[PDB]
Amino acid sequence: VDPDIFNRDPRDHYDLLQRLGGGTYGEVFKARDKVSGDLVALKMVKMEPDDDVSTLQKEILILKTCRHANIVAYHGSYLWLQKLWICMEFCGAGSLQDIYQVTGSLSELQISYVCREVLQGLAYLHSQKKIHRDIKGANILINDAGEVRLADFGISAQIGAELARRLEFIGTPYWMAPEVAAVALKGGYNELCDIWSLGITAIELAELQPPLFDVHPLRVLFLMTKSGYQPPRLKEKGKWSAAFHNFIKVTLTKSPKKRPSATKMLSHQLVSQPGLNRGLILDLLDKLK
């Protein structure tokens, strides 16, 4: 699962303080270093010798090979008595969903700053051939230093593992059409799917819910496949500037061939504005207390 794993009980180094919740899979615990007192988040997953180790192997590999200020910090992993423990940064404010349900709608400048920081994390991930595939407020954390960090590579790991399995059982390819060979090797979609999720997340930070949240999940999926499909928009026009409406319009470009990349989005009017600094986030954290 990981050549750098510690075959030791994490409870030798950490006091488990409380079960904070969970992600796509696993259970997350708040933990404290026994001697220093430093806080960490320990994600525990059941790991038997018979289980497929590929998903968790890929999640650890993404966390270990990410060296970025906009990606949650990784400290190491533990394997002890059929339980895998992934040790990561403990972000004191929690997720942006934890924040906006107490604080309400973020201001346009706070959203602009979060979007820029997320786009820097996405530009980095995409440059290293990775796709997050689960961009949303619940997966964007704010640490005590006011930094915006992408978290939960669970879906990304599951998708990488599913793609490796498909290649293993693809069979003889001599009669396969090139587009069949392409979805077997790449998947049918690309990293631009993360740009659309950031557009939906910016609406979620403004409205406390993604668009169509009240609509049945299957109806949402079917409508996206229909011919006359129109992407979502911000509900209250006058509350937001034209730069925010345009950010939603371009990130939510229906065709992936015309959806801008993460680096191209960094020069967009909304995220290239002058007043975007960590002070906006430190002031968001002050409102929480």
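Here, rigid core means the biggest group of C-alpha atoms that superpose within 1.5 Å across both forms. Residues carry their position along the shown sequence, with the first being 1.
- Averaged as a root mean square over residues and superposed structures in 5 other deposited structures of this protein, CA distances to the shown form are larger in 79 to 87; the pair compared was 79 to 87 and 211 to 219 with a core fit.
- Averaged over structures and residues, the CA distance from the shown form in 5 other deposited structures of this protein after a core fit is larger for 14 to 22, of the two stretches 274 to 282 and 14 to 22.
- Averaged over CA atoms, B-factors in the entry run higher in 47 to 55 than in the other of 47 to 55 and 249 to 257.
- Averaged over Cα atoms, the B-factor as recorded in the entry is higher for 214 to 222 than for the other of 119 to 127 and 214 to 222.
- Residue-level inspection of the entry shows that, of 91, 198, 164, 148, 164 has the top Cα B-factor.
- Among 16, 281, 270, 276, the highest C-alpha B-factor in the deposited entry belongs to 16.
- Compared with the other modelled residues of the chain, the Cα B-factor recorded for residue 133 ranks in the lowest third.
- The deposited CA B-factor of residue 192 belongs to the lowest third of values across its chain.
- When all modelled residues of the chain are sorted by CA temperature factor, residue 157 is found within the middle third.
- Among all modelled residues in this chain, the alpha-carbon of residue 229 has a temperature factor (C-alpha) in the highest third.
- Per the deposited record, the Cα B-factor of residue 86 falls in the middle third when ranked against the other modelled residues of its chain.
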